[PDB]
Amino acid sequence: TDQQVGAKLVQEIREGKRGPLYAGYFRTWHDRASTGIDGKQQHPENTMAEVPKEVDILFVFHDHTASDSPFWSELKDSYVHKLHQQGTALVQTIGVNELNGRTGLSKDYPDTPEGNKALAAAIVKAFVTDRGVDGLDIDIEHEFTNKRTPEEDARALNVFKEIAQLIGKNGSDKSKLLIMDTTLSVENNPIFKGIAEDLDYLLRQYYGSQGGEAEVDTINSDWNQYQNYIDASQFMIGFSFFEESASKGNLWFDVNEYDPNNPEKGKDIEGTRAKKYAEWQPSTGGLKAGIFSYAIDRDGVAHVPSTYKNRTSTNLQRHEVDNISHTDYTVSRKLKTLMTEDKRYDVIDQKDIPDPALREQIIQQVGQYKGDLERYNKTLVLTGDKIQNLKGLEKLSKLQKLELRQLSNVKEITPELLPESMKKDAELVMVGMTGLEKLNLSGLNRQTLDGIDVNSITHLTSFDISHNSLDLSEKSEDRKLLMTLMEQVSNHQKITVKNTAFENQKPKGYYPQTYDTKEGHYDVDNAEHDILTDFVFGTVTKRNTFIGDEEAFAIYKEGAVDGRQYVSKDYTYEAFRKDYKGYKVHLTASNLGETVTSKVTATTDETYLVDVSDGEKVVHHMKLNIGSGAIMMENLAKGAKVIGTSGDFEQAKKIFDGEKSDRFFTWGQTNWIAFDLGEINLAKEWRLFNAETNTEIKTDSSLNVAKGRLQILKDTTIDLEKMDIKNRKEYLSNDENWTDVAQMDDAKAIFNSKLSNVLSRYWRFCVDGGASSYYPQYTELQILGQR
């Protein structure tokens, strides 16, 4: 049956039996059965029926072919049958706009769960079932003119997931392929992230150069992200043949340019980007699935010369290669046979992995091809007692986790049997290694012995963990695990330095995760002190063994097990210690005033709150006292409510929030705000954050308040509510009804000064002049004191 054949073809592609794949997009209006809206033939020269068996998958790419064209029935009743006979599957391509509301059936269904569920089935029926093909391919590119909304992308994802429940590896009809083709990187492809688990293949268009000297920069950096959603065996990259009359912006030069001296040049793949894509392989994950071409009906036509690359719709520079001609798919055939002859697609065999049990588990988890070995960078779990030898494991050079589970018949582990990534902190788990006799991990920079079930290694007769990065200190858990392995060797043999080697360790240094001093003290000694030196200092090992300074490190280096000193002799404190390079110390005085310095001079009784930062996060918080200390003041003005102002009531309110992300100013050089602290307490200092402290708009100091006065209601006897609004405002504007408690006469970025222990429920601050002719601004006002 014609459905059964396609079903078996699709299953063999999805199971990976074709080796590397070659696919091509066939433009429907270049099939000789295609007819336009006027019912006339567009191009008699080519037909999908002549596409050769070297094309594993042929995509139907639609334009200009009219809905009533004979092409559709010719495709369904004729092309599909003949292409199936040779092993070629057919896939229909549609654009994302068919799914997001913008075109086709998408315009006839609501953006609702049941509407999108119904849209997906109508799409599958119209574009897959009714057309007679073997799968669906959704084309998702950047829309330059009219960007797609998040709701448009969210819907296409929902429809795509519903399609994935109808067809594909996770759909009820598994005889159809489900594919995406895209121009979008992971960070710009939210639909890909959501659908990637349901996709058979991802076809990444890479027409034209992709950056760097080998022209594949974007492919490598894209693959570094793509690999987290799909397998390398699902990744196809694409080049374009030369399309007739292509203009600036659609001129890729992926094939060889016209040669008036050689009409066959377009059929020569030497030197072409197409050949490079055939040969390119990802550097992690595995080998790719293959390559594809856009416009396979133009296979073999030489590219228009580089001199034409500036022609446009309105600036035509027609060339002989713009003519339509019959193709015999020579370039497609060459590219496919190049790939299938690539020996990196030879299957892993007895000579890579001698042990057949080891070989089987590797193949099941890393892939079937020799080229997968050195690329696979995930996790390998080896289990069972059938594995006797680990030779060849060293070939998974980028494995990031190796897990040896109950390998009762493995007698030997050596660096030469281990992936190179073991020298770079790859994870190493081994459990139930009851047959292991030699455990050699020397020279691997292992930072701990964690994951090694030393209790089960009941047969150990020698080990060498020397030249690692271990902490074998008294308290270190790796010293304890070492002793178990020395006990295991003892049960079989007299211990010698050689059969229990553990010397020349170089443990790496780390920042302590916390610091002990939560409340420091200095005497009033009139001297400078460094808060980093005294309170936030030192280095730890991976096992959290603290080393405060250089002589603590000199003490550490003499550490020994059974008289053997394990720290390498040439290992220096400066190689181990953390420099505190980016560290900044943030100080809040009892003032509430803030500074950034690690140095304090203990001249008078004071209290700081200390936040130490590493450049990105706070690593430690503590209190520092100098002499008797000093009680932290509160901003008594915080949240005070505004009672009157010559400016805007609502902008006046913002000088009492907590932030400097606002400004208060008026249409002039002077203004005032009167405010009510609500309560009554003792004010000892005041602080004004000037215009240049604005955090929401970079503000120059010419807008600073330069003169001003902070004042108190100088009555205390009156009721504000007794006045009504107009006179209230007028009273509060009258200079006679306030007395100065502080004067300001410098346009400092932050102005702070003391008050003779003022206490007044009611306040008013007056700007009297500015740094310049500009209207003076300030952002925040503080009144600082007790209770």
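Throughout, we count residues from 1 along the sequence that is shown.
Comparing 265-273 with 472-480, the stretch with the higher mean C-alpha B-factor in the PDB entry is 472-480. Comparing 509-517 with 328-336, the stretch with the higher mean C-alpha B-factor in the PDB entry is 509-517.
Per the PDB record, 637 has a higher Cα B-factor than any other of 304, 637, 128, 589. Note on the listed residues 35, 743, 47, 67: the highest Cα temperature factor in the record is that of 743. For residue 192, the recorded CA B-factor ranks within the lowest third of the chain. Only modelled residues enter the ranking.
Ranked against the other modelled residues of its chain, the C-alpha B-factor of residue 57 as given in the entry falls in the lowest third. Remark: residue 749 belongs to the middle third of its chain, ranked by C-alpha B-factor as recorded. Sort the modelled residues of the chain by CA B factor and residue 689 lands in the middle third. Residue 538 sits in the middle third of its chain by CA B factor, as recorded in the PDB entry.
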